[PDB]
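Notes for the one structure printed next.
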Amino acid sequence: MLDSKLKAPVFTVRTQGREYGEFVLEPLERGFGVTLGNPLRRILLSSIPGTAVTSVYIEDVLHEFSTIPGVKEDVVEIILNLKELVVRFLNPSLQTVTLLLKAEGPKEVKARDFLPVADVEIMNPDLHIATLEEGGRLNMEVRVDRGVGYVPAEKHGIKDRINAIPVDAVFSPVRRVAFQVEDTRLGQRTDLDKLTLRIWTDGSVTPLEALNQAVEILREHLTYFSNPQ
Amino acid sequence: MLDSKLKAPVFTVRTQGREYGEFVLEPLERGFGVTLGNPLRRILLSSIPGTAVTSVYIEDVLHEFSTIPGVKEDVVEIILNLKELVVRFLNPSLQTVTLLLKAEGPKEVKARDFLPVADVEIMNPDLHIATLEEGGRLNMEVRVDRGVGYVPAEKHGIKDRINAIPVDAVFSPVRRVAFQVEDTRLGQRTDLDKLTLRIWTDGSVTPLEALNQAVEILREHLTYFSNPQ
Amino acid sequence: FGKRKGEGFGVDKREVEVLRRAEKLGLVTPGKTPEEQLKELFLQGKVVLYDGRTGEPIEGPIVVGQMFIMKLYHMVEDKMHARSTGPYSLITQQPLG
Amino acid sequence: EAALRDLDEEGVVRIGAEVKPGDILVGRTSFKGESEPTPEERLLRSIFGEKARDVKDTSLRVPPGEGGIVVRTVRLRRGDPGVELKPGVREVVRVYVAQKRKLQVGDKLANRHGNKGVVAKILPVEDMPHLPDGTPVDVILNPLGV
Amino acid sequence: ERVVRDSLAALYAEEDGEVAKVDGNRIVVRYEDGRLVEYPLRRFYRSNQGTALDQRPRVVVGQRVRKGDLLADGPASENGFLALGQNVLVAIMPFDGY
Amino acid sequence: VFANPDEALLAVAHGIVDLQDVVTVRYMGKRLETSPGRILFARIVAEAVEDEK
RNA sequence: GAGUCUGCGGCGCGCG
């Protein structure tokens, strides 16, 4: 095409790794960069489905505010580090996967120390769970689920073992979203929008992958306006 | 379908006349009513295309700042009242329609006094164009077009007749948009959104027609994310 | 708000959120119904407003109203003066227009 | 000739004609030198066309800035009715121009209390602060100035 | 009210009567004492400062007018009241840096 | 309690914590007890000039 | 291969 259609949003992409991805799209009519950017943002953080540590159970620990001997880190610092663990399952059959791990003695407990599960993968290997000294006994069972958005440990309250402690759900693989609408010049009229939205991802999915899922959720919702009543 | 898909936004409609039209859609996940409602609002006011008085020509009047004998109102007050005239054509073949009207003597000139045009309709009948005294001679030709947004009379400068005077273009068929997101109950989880947006229209187009065009412009823009570079 | 009740709808998630931030501020007596709360906040001369760009409310009531404002006379001082080259004074050789 | 359309009445500009900066409002022709013709301008004239009107263009033009539509015009010729024409003054020519001043970014507005200020940006109704009901605000004043 | 009246903006009705003709240029009323005056209206005149001075008739044809009632509005009057600039809805908040 | 820095602001955007609220956050080597907003400012500066430390 | 000549001193008011 040549006139109004060839003059189409030049979708440009700049992505390094699977964490950062800038996305520029221009030109846009009046105030559309903002009309597009904010919904995409609201989707990119709540809609994108993922996996987060739902609950944990240290064998000798009863409360979340306890400390384990031979272990530098406190129960709270550890459950904190677990929220940082990014797991990636391969299919619907895996709704709730309980990862198991037990390490003793003078060793550093990394996320690769968890006994491998058939359909689940751990992309956060070197994540540091704890530092064990001597006579350091650490046996725990950390639950993992697939959900959407953020769920306070208070909202769900998981109880595999009566003494287990729930943890805050961090389900979006996208940490932060950012969009700017800078003015762009197109020969004739100076009043134009340029929308560039930068997306950050924990690694599970990519910025481009997330953005596409986002636009889809919006599109799927735009069709829900079909049958009147 | 039965489970998650049958549980789909129930698009309900309540529209009286072509001016008001409420639109309810529920249930929605978390903070989506706001994610959908605002973009649609930003589109509904800026983007929808319509009709407005583009130019006028009083037979004996040469400039915009003149006064016509036997006519209370001044050329300026009249061309002003003309911007208030809402016309509605039925098909693309009508790009520029010139409405003609001529009235004389002791009569009040309303918008229904315009000689009817085949494919054009005037839903702004009783609009008061002028008050004619005696020996009040008023013959004019007011141009009408289909466009988008606001076009200063200075920007287009229409010249059907050399002494005609251009008028400011008002192309949004919508005066105001309003949306509310009230909490709705779905058996299991109480945190849900319900988006009901009320749209008002001058009559040219309907609330429903506007909403649809709106959702389309948004979808058309969501596809502009196709070719990276 | 009266026509709002009859026209068919109540309060927004937006309208409630701003209310939270509002009572945490000290503009509305905690414990009252949003209907009653919004009234108390409206009486303050402030109402809830959405950004228009994002559709999200603006955290915190903002006042709005009918303020009479006038436009001031545009002198030839307004209509800007930019000069490249031009006239010059007869006795002093400095630029003048 | 393109600059002589609006100047329809011989000399004077026609009423109801959009005058933009730099257009001729009224034409006039005086003489080229102080007392003598020009030796270098004599050769140029003769090369393309010696018979060139010696009279110089001194016409009332639209001064940079703005003009609008011409609404009224006044011309006092030789046999003056009851007017006082100054000496030397052969005749005068008034041209009344009018123009709608839509509010633009340059303009300044202020309320009766004292808040003065200029318009920085004309936002599209599309995204400026809007009320629960669709009614959007017209102007947004900066709190800090109070 | 007073400002437009003591100033000579709007045109007021001398004595009581009825209206005869309502031109965009003149309003000739007919008072009840049996007299009728034509009141021209400064159509569009050049103010010293270049502002518009027009008198816009506010009275319809054949209207019993009270003594001292506005027949036409001055350059800046709405309805016999002083009016400069307009009543606009305004939000008192900060924007980007606009 | 928020692990990574980002972690703290997402909860904000989701309506769990106001920016002016007092929470705990894990930064580079310390468990610091500072509000989200304060942490956000830290970022803006740290971003303005890449030498974060 | 264009360039002359006019707009000064003061006064008043208004903006910043």
Side-chain angles (χ1 to χ4, degrees), chain C residues 68-97, chain D residues 1-4 21-67 85-95 97 99 101-121 139 141-142 144-146, chain E residues 3 7-9 46-53 75-76 82 84-85 97-98:
Chain C
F68 179 73
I69 307 189
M70 345 180 200
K71 167 216 190 311
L72 279 304
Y73 173 85
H74 259 16
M75 216 172 252
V76 194
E77 82 120 72
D78 150 278
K79 284 305 170 76
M80 46 227 282
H81 262 314
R83 167 213 210 308
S84 60
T85 329
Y88 292 131
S89 159
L90 199 66
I91 52 289
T92 65
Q93 278 291 74
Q94 313 250 316
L96 280 107
Chain D
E1 185 63 51
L4 275 55
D23 272 329
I24 308 228
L25 267 167
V26 173
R28 172 177 70 88
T29 45
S30 68
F31 285 67
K32 236 58 195 181
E34 305 290 277
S35 23
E36 41 68 77
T38 318
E40 324 258 62
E41 175 192 21
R42 179 73 41 157
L43 292 177
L44 169 64
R45 284 301 195 180
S46 291
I47 296 177
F48 290 45
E50 50 127 10
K51 41 163 54 46
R53 232 174 52 151
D54 237 288
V55 91
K56 179 173 244 242
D57 165 273
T58 54
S59 312
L60 165 78
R61 286 185 182 296
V62 195
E66 260 250 337
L85 230 63
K86 319 163 181 56
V89 185
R90 187 204 193 203
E91 62 184 326
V92 305
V93 162
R94 257 176 310 274
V95 192
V97 154
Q99 63 194 69
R101 301 233 168 164
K102 296 177 193 182
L103 195 51
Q104 62 163 167
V105 79
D107 303 37
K108 73 178 70 179
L109 0 162
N111 63 183
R112 288 160 316 177
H113 293 271
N115 196 324
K116 198 155 178 301
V118 197
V119 156
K121 188 140 174 287
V139 55
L141 293 183
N142 183 60
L144 292 155
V146 181
Chain E
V3 182
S7 95
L8 274 174
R46 168 63 148 66
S47 108
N48 243 13
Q49 306 319 286
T51 6
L53 322 165
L82 182 50
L84 346 86
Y98 301 118

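Only heavy atoms go into these numbers, but all of them, side chains included; no hydrogens, no water, no symmetry mates. We name chains A, B, ... by the order of the sequence lines, and we start the count at 1 in each one.
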**OP:** Look at atom OH of C:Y73 and say whether more than 12 heavy atoms of other residues, nucleotides or ligands are closer to it than 6.0 Å.
**Re:**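 Count over threshold, so yes.
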Could you give the [atom1]-to-[atom2] distance, from [X] to [N], as a whole number of Å?
X	N	atom1	atom2	value
C:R83	G:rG7	CZ	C1'	12 Å
D:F31	G:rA2	CZ	P	23 Å
E:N48	G:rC13	CG	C1'	13 Å
D:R45	G:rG3	CZ	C1'	13 Å
C:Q93	G:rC8	CD	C1'	15 Å
D:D57	G:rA2	CG	P	18 Å
D:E36	G:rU4	CD	P	11 Å
D:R42	G:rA2	CZ	P	18 Å

Subject >> Among D:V62, D:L60, D:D57, the one residue meeting side-chain contact (heavy atoms from CB on, under 4.5 Å) with D:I24 >> reply: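 Of the listed options, the one satisfying the test is D:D57.
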Original post:
Which nucleotide, G:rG14, G:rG1, G:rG7, lies nearest any side-chain atom of C:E77?
Top reply: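 Nearest to the side-chain atoms of C:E77, counting from C-beta on, is G:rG14.
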**OP:** Looking only at side-chain atoms of D:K56, point me to the closest of G:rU4, G:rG7, G:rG1.
**Re:**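 Within the option list, the nearest is G:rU4.
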Subject >> Any donor-acceptor pair under 3.5 Å from E:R46 side chain to E:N48 backbone >> reply: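 Confirmed, E:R46 side chain pairs with E:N48 backbone.
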Original post:
So, does D:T58 use its side chain to make a donor-acceptor pair with the main chain of D:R28 at under 3.5 Å?
Top reply: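 Yes; judged by distance alone, with no hydrogens or angles, the pair exists.
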Original post:
Nearest nucleotide by nearest heavy atom, which residue falls closer to the 5' end of RNA chain G, D:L43 or C:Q94?
Top reply: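 Its nucleotide being nearer the 5' end, the pick is D:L43.
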Original post:
Starting at the 5' end of RNA chain G, which residue's closest nucleotide do you reach first, D:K108 or C:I91?
Top reply: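 This one resolves to C:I91.
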NA contact type, [X], heavy-atom cut-off 4.0 Å: base, sugar-phosphate, or nothing?
X	result
C:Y88	base
C:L72	nothing
C:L96	base
D:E34	sugar-phosphate
C:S89	base
D:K116	sugar-phosphate

Original post:
Of all heavy-atom pairs between C:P87 and C:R83, which one has the smallest distance, and what is that distance?
Top reply: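 That would be O-NH2, 2.6 Å.
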**OP:** Evaluate the base stacking between G:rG12 and its strand neighbour G:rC13 against centres under 5.5 Å and planes under 30°, returning yes or no.
**Re:**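 As far as the 5.5 Å and 30° test goes, G:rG12 stacks onto G:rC13.
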